[PDB]
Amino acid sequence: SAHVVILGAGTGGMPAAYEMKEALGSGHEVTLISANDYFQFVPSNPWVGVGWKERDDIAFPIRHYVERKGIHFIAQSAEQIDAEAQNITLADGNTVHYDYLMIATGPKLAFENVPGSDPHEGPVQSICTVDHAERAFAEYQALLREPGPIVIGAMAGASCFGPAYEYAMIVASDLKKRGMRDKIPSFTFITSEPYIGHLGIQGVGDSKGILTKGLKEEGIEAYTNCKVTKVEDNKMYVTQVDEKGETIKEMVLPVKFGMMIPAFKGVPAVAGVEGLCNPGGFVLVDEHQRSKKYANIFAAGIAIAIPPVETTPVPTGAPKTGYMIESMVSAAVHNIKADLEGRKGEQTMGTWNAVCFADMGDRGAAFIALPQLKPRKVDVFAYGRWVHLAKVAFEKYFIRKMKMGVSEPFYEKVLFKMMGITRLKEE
């Protein structure tokens, strides 16, 4: 009886392993493979990067929780995927065989697009992982000891803009709480968006007006249509273009403390599978989450390819966010099960949507947009205290579910919990 392997224990993969096991019962092996032995709640990383949260608030060991559900856990990184032989080679030389593979490997952080931009080779840091956010906090503490120019923003090719705004705002806010704000010579915001609050999705509600007003209020100077060409000698080299791509200026910005959201690519093990991915290394799938090249490979989350519906003067991407990811997981689990029972599963991701909550302290911004191209059925950008409460409640709930286990209908619970809630709403 079919062996199902889930590659990646992240926002998509962990729930996918619980859902797959639940759906398939004790008669089928379900193996979860991940590079780390812990789960981390990614959207809390910006707060870790400013010292508002600690690693152990947002991360926990996976093994016990999945094993108690009958899932076989391997805390090892996949180095190779041989799609013909249907085996995965792990870092220690072991291999895992699968009948169905679900790829949930998320993003490769493509620092190499911008020489010197890697967190280890310069002052420009990053908050996408808890390891890097801890490193960002450390460098932030160094800034506090020897104040200098701050640069925060998002690279060309980035697709996750929200956390750049969140980070800039919470850094400014923390500086003030520390009485250290006026010691900063300059505080610049650099983005590849064609305008503030474009967010990779051509704006949502009054995102432009509200985000613009936030940066202005914090004394942050913002530049759009920018690409960083390199980071060298504690200086960021920026090229800025007009709407038509022609460059209209170059800047050289000194940097004592920096944080740019990198562009995302597919991870190497996945990108290295012949015909599986596009040039960026994202898995080409159909509406059923099935690989177009391999009938027994499915994929969910950031790892999948989603074609642009629009283009920008500086390359930007559209974000892949939680609700939609869980929705992909659900479809993949359903369609794999069907495929086991010798049928073709027809479940889909559903309508493209983006949902993001940014907490700036006691208030935040949240948006929902769908579908991708306008005119939209929902296009809301909201600022207020309630967003802080929602964000906190959802992190609490999601971490709790990752420990207790999850089932098929999870993704729908994910929808009404991000707001807050069906729990508070009284069922």
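Counting begins at 1, following the sequence as shown.
Stretches 341-349 and 283-291 differ in mean C-alpha B factor, with the higher average recorded for 341-349. In this entry, the higher average B-factor at the C-alpha atoms falls on 175-183, of the pair 201-209 and 175-183. Ranking 331, 152, 142, 318 by Cα temperature factor from the entry places 142 first. Comparing the C-alpha B-factors of 310, 250, 193, 79 in the entry, the top value falls on 310. Among the modelled residues of the chain, residue 265 sits in the lowest third by CA temperature factor in this PDB entry. Residue 327 sits in the lowest third of its chain by CA B factor, as recorded in the PDB entry. Split the chain's modelled residues into thirds by C-alpha temperature factor. Residue 421 is in the highest one. Among all modelled residues in its chain, residue 54 ranks in the highest third by Cα B-factor.
When the modelled residues of the chain are ordered by C-alpha B-factor, residue 234 sits in the middle third.
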